[PDB]
Amino acid sequence: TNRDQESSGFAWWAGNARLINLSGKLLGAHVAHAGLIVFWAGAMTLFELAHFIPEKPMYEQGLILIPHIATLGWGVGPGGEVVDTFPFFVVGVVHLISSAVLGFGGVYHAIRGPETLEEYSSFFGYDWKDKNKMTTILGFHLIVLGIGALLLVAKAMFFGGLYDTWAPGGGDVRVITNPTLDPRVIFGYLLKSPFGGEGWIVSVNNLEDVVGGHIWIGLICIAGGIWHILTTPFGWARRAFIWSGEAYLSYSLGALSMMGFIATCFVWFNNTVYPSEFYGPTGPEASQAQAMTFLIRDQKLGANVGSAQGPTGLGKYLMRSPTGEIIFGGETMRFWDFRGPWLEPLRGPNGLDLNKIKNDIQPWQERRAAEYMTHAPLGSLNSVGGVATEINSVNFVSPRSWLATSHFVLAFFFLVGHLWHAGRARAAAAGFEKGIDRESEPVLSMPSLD
Amino acid sequence: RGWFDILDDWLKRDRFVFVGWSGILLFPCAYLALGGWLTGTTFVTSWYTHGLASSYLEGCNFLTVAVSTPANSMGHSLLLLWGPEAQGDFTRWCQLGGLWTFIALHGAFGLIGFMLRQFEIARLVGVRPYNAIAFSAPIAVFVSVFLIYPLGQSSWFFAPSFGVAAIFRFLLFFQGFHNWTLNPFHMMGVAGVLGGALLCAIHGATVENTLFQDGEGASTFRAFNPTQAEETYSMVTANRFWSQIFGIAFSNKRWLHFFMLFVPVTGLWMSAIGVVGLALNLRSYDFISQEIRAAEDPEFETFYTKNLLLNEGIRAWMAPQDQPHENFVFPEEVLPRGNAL
Amino acid sequence: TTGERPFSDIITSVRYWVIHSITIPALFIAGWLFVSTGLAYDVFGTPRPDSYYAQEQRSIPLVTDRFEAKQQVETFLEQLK
Amino acid sequence: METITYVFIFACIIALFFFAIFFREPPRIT
Amino acid sequence: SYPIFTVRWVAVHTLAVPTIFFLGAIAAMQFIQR
Amino acid sequence: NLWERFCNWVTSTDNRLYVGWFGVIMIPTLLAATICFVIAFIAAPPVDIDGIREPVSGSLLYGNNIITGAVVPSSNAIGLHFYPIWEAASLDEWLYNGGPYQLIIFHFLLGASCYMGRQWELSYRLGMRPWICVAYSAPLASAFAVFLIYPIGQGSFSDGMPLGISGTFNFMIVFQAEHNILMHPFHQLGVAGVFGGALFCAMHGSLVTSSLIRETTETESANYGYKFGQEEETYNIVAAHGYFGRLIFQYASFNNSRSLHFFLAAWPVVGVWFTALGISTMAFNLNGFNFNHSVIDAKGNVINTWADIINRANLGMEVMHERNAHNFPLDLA
Amino acid sequence: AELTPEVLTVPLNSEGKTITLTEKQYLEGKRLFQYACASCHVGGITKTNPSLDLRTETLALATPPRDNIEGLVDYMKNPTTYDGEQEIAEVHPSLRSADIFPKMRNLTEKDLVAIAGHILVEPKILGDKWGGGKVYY
Ligand code: CLA
Ligand code: CLA
Ligand code: CLA
Ligand code: CLA
Ligand code: CLA
Ligand SMILES: CC1=C(/C=C/C(C)=C/C=C/C(C)=C/C=C/C=C(C)/C=C/C=C(C)/C=C/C2=C(C)CCCC2(C)C)C(C)(C)CCC1
Ligand SMILES: CC1=C(/C=C/C(C)=C/C=C/C(C)=C/C=C/C=C(C)/C=C/C=C(C)/C=C/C2=C(C)CCCC2(C)C)C(C)(C)CCC1
Ligand SMILES: CC1=C(/C=C/C(C)=C/C=C/C(C)=C/C=C/C=C(C)/C=C/C=C(C)/C=C/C2=C(C)CCCC2(C)C)C(C)(C)CCC1
Ligand code: OEX
Ligand SMILES: [Cl-]
Ligand SMILES: [Cl-]
Ligand SMILES: [Fe+2]
């Protein structure tokens, strides 16, 4: 049965390693785990909805899943205001039911179905060292991922659109009719620097680029899936990789760690696919909002904000970036690359325009600045809003903080897991994962260093 | 045989819990110290000694409970229950901080009993007593910090209170008032502690990654026999690995394990010496040349001068509440602060 | 190995649970009633939530003399806590 | 003279690093 | 066969009896209102 | 074939220091970072770290000593912008804005990641088990947290840890002021990791030294009783297990040396993993526990705790840190 | 010290009439304050304008006086500047600007009375801590 240490070589704390060469039970483990994921999605959505106050902003209510559905244009109107709550309920309920179905399948294949799929079928039975079968399964899953990307495209283009925080008038659910299919624009994001001002693919700032990139990634994933169904790994690929289950797991672990770090930076910096109406302001957004708020207040009191000198000699409200752009002064000089829909009407060719600052600041911009200043993504582990020195009065930690922290923890641990499994796959393929053979110790056959 | 020999035979009998002659000192004192800490953090306030809530009964959590030190006006009183301050009143004794002196003294004699236990068991089983010698460093730390440091100061009040957030207060107090990070003895202590953690991790990983294959199971923990005569890992392979990775490597196992003894013990002893220096307020607070230059030149700035400004902030902003016996009334206009914030 | 019954043999015995389904809840109830009747406040001198301050005071009852500290605490408690 | 002292001690440490790595006692298996 | 009251019994109960008493006390504390 | 000969030299186990391909990346980056660090620590001009035209002197030639000297982080005006030498108009502008810090930290992070990879590589070439690099991933994660991840979360490389002793102390104190790291459970796990690592290091060393088998006289050192490459164990693990099992109780003592050494590896590595994650999660401003004004009496008066005293100390550091850099009431980043 | 009815007695209007809030009224007032006002008025200070606070003396010197229940409820309905010359409902939460400040949409007059009572009672409990800022933390 391979369910003890003696017959399998693995202790109980590595007991899932007993599933490596048992395709049916491994499939059961995977399907049950997918059921767990869908279960969390549905149950968490229903939990969030049950404690959802529609007239309070989503980022004040500890919501991470409802903002995702809102970003898809479901249940929201202009300005991010919730107009209907039933789409959130539908998403949660359908995930809960589908998770029951997936849990049934996982349990069946894990404890009742055949332990190996090779005798039952040749289509579903696989060997880890059969490279063509591995590429065939990879191709099937690439086609599925491409269809998912095209499903996002279909939602954006034909099924109501997406929430656009950059939409003219204040942000609204908009149908994307002209996606950016230009490969220079799309693949210019991939060759952009990850550093300040550039920000790589995290810096995508319009839904047209998002939909065009998703068209490209859906078509590329479908094409690569067909490629791997039709082809076999080449000689350089066969010589460059370890071909085993733990090796493929380690490759996926490295990929997932990289994706986790990317998602952390995406939720921390991007306010386009993570609109600040739903997720709250970013840190740069909140700092710029504080500078804007006190600029407005002192300008109302009569200060000449263009000529006001701070304690150090720099501009108290307005200064210059290292490349000359007129930016907000103070420590928020670090955040001068921030772009937001509430701040862009005041920005001219040379940065913040003094004339627009003096007479074009509207009350909605001031309300947005005050709201984003007082909902900065700073909070305690017990969810006390503000800096670490604040007193207990405000129950607030930003969803951006929760998502970024959790996915950095997960991405780092998955990098560690990738290192573990990559080293172990190399050692097991080379044949010394269980230790050094006493009779054939390699170092004893090597010349001395000195 | 005699009553002494029969009693010695009983005390040294093999049990689940060894007692020994040292047990008579260890088990009462250690049990009372632990029970006093739990009793204090569960039921006893600091309202009359510090003006603080410090028990679960007052609504504090595990991080914020403490058995606080006695009030400053008590001085270095032993604060015995029958002593002239409490006069046998257990309730007043708890309210006056007598539980702190109870825990501190019972803990000191419990640590003495534990090192005597180490010596006694080492003598009984026939091993060298290097564990007691290693345990001298925690005893030195406890004596320097909880006994020598308040004895140098005005009272028991400035000793650490037995609690998590109270110990954090002790850390921040030493930063603000002593500049304890700048003290080279504390630097040697940090070096010893972090080097001991490094040596622990690196030696464990090196042993686990140079194991001989002594079994067919993938989980290698089964392959070790406690009574086997052979080494369970390859010292030659480990030496070559670290020689080619780091440049230098251990080649003597006995020297390796003595070094693992030596590093954190020496670090803790150096930090205890520094704590005695701080008991007399003999701080490594300032570099005189940098002070002279910064005083005569308002453009000279280092991270050390910034740390001094931070220490001034710590002292001014925490002194009225951390030292309520001084009756510090600092008006808002005398508080040092930067622009805005 | 030391001549005592193993813990697994004891805590899986019915006799142990016959004793301890009585003794463990009795101690739990004893501690619960020690708090809920207010005996802990009297034994340890811990202020009740209405006992930190007199109604109009904001100063803290800090002891300032070593040998009359008991009298100072009794004076502080006499001032309607 | 203080800067010279610090740099001199650091340089002696680096020289000791060189001698400890490349002119060590060679570990001989026995 | 096995003696019931030993040194181990004494150590175990001197740790366990006040532990359950204190756990009951703190559990009662959780419902205290100001 | 020349490329085959170069590959054989690079992966050779007969080199005095192993190179490997992780080494062909590691050696130039670490040499560049080391040379730039020594030159900057000795002779760099003062650096405007806060971006407020108040340069901080960090090198020995400009009035520092070993304790107070540092390589000062790049300017707050730079923020997260990439600032190589060729992006400056001159070297004097590059030195004024803190370019050496960026060069050193980027080269050091690349070199240290390749050091981890090189540890794996040599373990693979020698037929070892491969997880020494996993143990080294904990200090590497700590270095990434303090040099890269905290600047990324705060939005400026000026908030990264300075390359010096007193600058490190400044980093610690300001971090406690703004994030209450002491009250964060991940840092408490890290303190448990390092304290336990020192404890178990001293414990394992003292237990092995205690149980050393007599192979010498009182005249000679006990270390000469061990010979390099001997098959027999130099100490009696049964005697040490008997001692430690009588010290606490028997089942608290390891009798398996492999399990014991795995525990020695695992405790500080997991603790330092959690404290590096603590620094990263406070970089995204998920701060330590806030218990300020948590204990409230019947009337509503605040009853102070030790957390409130910590809050007073944190307030002192907060109001005094970067005393000229703030124009607005909230220190958002 | 307890939450006595003498503590919960605050001036109702500018004439001199007073109102004794119940303990439940004070608790609901504090809850509503945390729900709608505390993100900028935590502890009695004003985050987006620290020159003004919620101390009783500052509210008394406001035009019209805001150191009573009726004045505070009127401010919650029609907020003005400190001298009362300019209406600021477009940038301050109010019953009239509940469209743009949605947390004011379901606030009854009894809720406004509870918030006003909490604002007027908290200085009497906290001393200089209310509207005093980080100096008094
Ligand atoms: C996502 C988590 C997950 C999943 C999917 C699995 C799945 C599996 N593990 Mg496993 N495992 C896990 C976590 C998980 N494990 C953890 C955390 C540990 C460490 C403690 C282990 C330790 C471990 C060991 C030591 C072994 C396995 C084995 C197995 C396989 C056979 C199970 C078996 O025979 O159980 C039999 C058990 C039962 C029949 C008891 C009932 C269990 C059912 C499934 C519970 C279902 C509950 C659910 C509410 C039902 C919903 C139904 C509804 C949808 C209609 C199976 C594929 C074995 C293996 O490799 O097989 C060769 C094996 O030896 N595991
Ligand atoms: C998709 C990801 C993935 C997959 C499929 C695997 C699969 C596997 N891993 Mg692996 N691993 C991963 C990620 C993954 N890992 C990551 C991210 C790390 C880094 C932490 C590791 C580190 C790791 C080690 C160190 C080892 C494995 C091993 C194994 C094998 C046996 C596992 C087993 O039985 O677990 C049994 C499960 C448990 C014992 C439970 C662990 C409990 C976790 C650590 C606590 C979770 C805390 C929770 C999230 C938060 C609190 C919850 C609350 C209850 C308190 C199996 C092939 C073993 C191996 O090499 O076998 C060949 C092995 O020794 N893994
Ligand atoms: C990754 C998922 C996955 C995979 C690879 C398999 C694979 C297999 N299952 Mg299995 N199963 C699954 C999920 C899965 N199942 C789930 C979720 C359930 C619960 C309903 C079951 C219940 C189940 C039973 C009861 C039995 C199997 C059997 C089998 C084997 C033969 C099936 C066959 O010939 O299909 C032939 C092909 C078809 C029937 C076509 C089906 C078309 C589907 C319904 C359309 C799905 C659309 C889309 C791709 C799904 C997206 C889902 C996503 C949104 C979550 C094969 C090894 C049989 C077996 O092992 O017998 C020995 C068997 O008796 N399965
Ligand atoms: C989940 C996705 C996935 C996975 C796992 C694979 C897996 C594989 N593919 Mg593949 N492929 C995919 C999607 C995927 N494919 C798609 C969508 C397409 C269509 C565009 C292709 C098209 C494709 C072709 C045309 C070929 C493969 C090949 C291979 C095999 C060798 C991989 C290899 O050495 O590359 C590792 C990567 C390299 C060797 C490139 C050099 C490494 C550089 C320096 C890395 C630079 C990136 C760096 C990390 C920075 C990131 C940012 C950057 C993008 C700017 C392997 C089985 C080969 C094969 O054997 O075919 C049968 C092959 O010739 N793939
Ligand atoms: C053997 C273990 C042990 C040890 C070393 C200590 C040690 C101590 N306890 Mg302690 N204690 C113990 C067990 C122990 N305790 C137990 C089991 C209990 C529970 C009953 C207590 C309960 C307890 C309380 C409640 C208090 C202490 C306190 C103290 C400290 C001061 C005691 C003192 O001055 O008396 C010194 C007395 C002696 C050394 C005895 C002298 C014996 C010699 C032979 C002389 C005998 C003379 C003659 C035969 C009889 C007297 C003559 C007559 C005229 C009076 C001291 C550090 C006090 C404290 O911590 O203050 C903060 C305190 O208040 N203890
Ligand atoms: C193999 C194995 C395992 C695992 C398992 C799993 C993982 C499973 C899964 C499972 C699952 C995954 C399940 C699920 C289920 C679900 C269900 C059964 C559901 C149902 C639902 C309902 C009933 C609904 C309801 C409702 C609605 C309609 C709406 C409103 C609300 C409510 C909720 C009421 C373990 C680890 C134990 C170990 C051993 C073996
Ligand atoms: C614009 C846009 C977009 C798009 C994007 C895209 C289109 C992407 C793609 C991307 C891609 C296309 C990617 C790729 C990547 C790659 C990688 C990640 C690689 C890796 C590699 C490896 C891992 C290798 C390795 C190696 C070496 C180095 C040497 C030898 C050995 C081996 C082989 C191992 C989106 C959707 C966002 C939306 C928004 C906008
Ligand atoms: C002072 C005094 C005394 C003493 C007493 C005693 C000795 C007591 C004891 C007491 C005790 C002896 C108590 C106990 C307690 C305990 C508790 C209260 C516990 C709790 C626990 C828990 C809650 C758990 C936790 C944990 C851990 C730690 C970790 C992780 C996991 C868990 C969560 C499970 C005498 C009379 C002599 C004299 C007078 C004075
Ligand atoms: O740069 Mn370095 O330390 Ca982070 O918080 Mn904002 O920025 Mn500044 O103040 Mn606080
Ligand atoms: Cl600073
Ligand atoms: Cl600022
Ligand atoms: Fe060892």
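To find a chain, count down the sequence lines: A is the first, B the second, and so on, and within it residues start at 1. The analysis underlying the following values was restricted to heavy atoms, covering all of them including side chains, and did not include hydrogens, waters or symmetry mates.
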Show me the donor-acceptor pairs within less than 3.5 Å that the side chains of residues 190-199 of chain B make with the rest of the protein, sequence neighbours left out.
none

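Scored by the ring-ring contact (aromatic ring centres under 6.0 Å, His included) test, B/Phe62 finds no partners at all (sequence neighbours excluded). Contacts of F/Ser259 classified as side-chain hydrogen bond (donor to acceptor under 3.5 Å, both in side chains), with partners at least two apart in sequence or in another chain: none. For F/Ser211, there are no side-chain hydrogen bond (donor to acceptor under 3.5 Å, both in side chains) partners two or more places apart in sequence or in a different chain. Judged as a ring-ring contact (aromatic ring centres under 6.0 Å, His included), and not counting sequence neighbours, the contacts of F/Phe263 are F/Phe200, F/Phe254, F/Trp267. With sequence neighbours left out, the side-chain contact (heavy atoms from CB on, under 4.5 Å) criterion links F/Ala192 to no other residue. Partners of B/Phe102 according to the ring-ring contact (aromatic ring centres under 6.0 Å, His included) rule, which considers only residues two or more places apart in sequence or in another chain, are B/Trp93, B/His106. Looking at residues two or more places apart in sequence or on another chain, you find no salt bridge (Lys or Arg N to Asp or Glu O under 4.0 Å) involving B/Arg15. For F/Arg129, there are no salt bridge (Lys or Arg N to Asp or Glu O under 4.0 Å) partners at least two apart in sequence or on another chain. Checked against ring-ring contact (aromatic ring centres under 6.0 Å, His included), B/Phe259 has the following partners two or more places apart in sequence or in another chain: B/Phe250, B/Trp255.
Under a 3.5 Å cut-off, the side chain of F/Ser137 and the backbone N or O of F/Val134 do form a donor-acceptor pair.
For residues 115-127 of chain B, every residue pair satisfying the side chain to side chain donor-acceptor pair (under 3.5 Å) rule, not counting sequence neighbours, is listed here: B/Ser22-B/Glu120, B/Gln118-B/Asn131. Within the structure, no pair that satisfies the side chain to side chain donor-acceptor pair (under 3.5 Å) test touches residues 187-200 of chain F, not counting sequence neighbours.
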